[PDB]
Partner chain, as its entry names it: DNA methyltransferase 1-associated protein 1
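First, one chain by itself: the form solved without its partner chain, in structure tokens.
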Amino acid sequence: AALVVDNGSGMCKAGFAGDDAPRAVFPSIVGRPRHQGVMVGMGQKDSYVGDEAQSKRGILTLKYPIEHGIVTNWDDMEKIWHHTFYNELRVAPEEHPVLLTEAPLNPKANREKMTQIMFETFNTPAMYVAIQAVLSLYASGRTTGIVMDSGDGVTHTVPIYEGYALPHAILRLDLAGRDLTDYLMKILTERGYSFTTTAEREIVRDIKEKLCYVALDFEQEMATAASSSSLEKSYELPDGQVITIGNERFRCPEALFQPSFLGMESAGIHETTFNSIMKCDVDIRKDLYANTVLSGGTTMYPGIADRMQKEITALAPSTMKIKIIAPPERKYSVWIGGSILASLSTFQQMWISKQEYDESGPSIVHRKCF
């Protein structure tokens, strides 16, 4: 059975091809103690990975080895893959082909190191790197559509028509979930809440996932939040302190549609999706308008599909049918699509075998993987 490992900037989702859900989902973090150990005879490790790092984060410095879809610390990235194979899935990676994922328009050295580490460190028999948005279209059972995938590091749009990708129409924004977490940390200082440490950034991320939503009309929502407390929500911190937030609930996700909130010059996710459709041939735009697929954890805000539909309807001609497909399990669409792809019989010759790697080096990944 093939292994499907979806390494996003924030989460590692791993499991077996053929299953309908990942067997292991844990934060893609490595934590190291920032204090001195005074207790002799206690099992204190040098570093912690995943859920252990998250539960001990009070005395750790948390580090993400992946930033904006790009591995910035390959030693910590090996710790996460080792944790994935031996502690989470409890398999020997030298017996299973591994399907990995990547965002488009990434540095070429990123997937070359992924290939080298899989074959030389873990000794995988076969290996493949797929594009994340392409896998989301597999999960939706479609061959035509434009996928807007947004996770913790990258937001990218890939239009596909009749199984053919339009690479010149692929767009990528380095604005995603981690930028929204940092923006929420900033605007929480307006109410006197101070979150600064890496452990406190994990608390703000949990606040964002529980209380934030996308407003259908931002200016009308700002006027509603300024006239009453009907939008205020409370949240209990780990130490029992209760914080209350109002318009920050929808101002944080609003940066997806107005990146100028972050000082960015780029277009919002609605204009990025529309611009990607407009870079495609005129004869396929109607089918892309009707098959706009949302994917990733940053698309899980309540109200984001209705807002995307409203914004793209305003940009597109009035005779086009704008249909935003936001399945309830779209947080795992990339993994589910990879599980489908790695199980296809027509895919079993697409693997990069160990023999091909031995006779071509890590640059084989550029010839065999899109």
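Residue numbers count along the first chain shown, from 1.
Separately, the form solved in complex with its partner chain exists; it is not shown, and the next lines address it.
Although the partner is absent from this view, residue 362 contacts its partner chain in the deposited complex, with a non-hydrogen atom inside 4.5 angstroms. Within this chain, residue 209 is remote from the site of its partner chain in the deposited complex, having no heavy atom within 4.5 Å. Shown alone here, residue 123 lies within 4.5 Å of its partner chain in the deposited complex, counting heavy atoms only. At a distance threshold of 4.5 angstroms between non-hydrogen atoms, residue 232 is out of contact with its partner chain in the deposited complex.
Between its partner chain and the residues 72, 87, 116, 224, the one pair within 4.5 Å by heavy atoms in the deposited complex involves 116.
Along 346-370, residues 348, 349, 351, 354, 356, 357, 358, 359, 360, 361, 362, 368 each place a heavy atom within 4.5 Å of its partner chain in the deposited complex.
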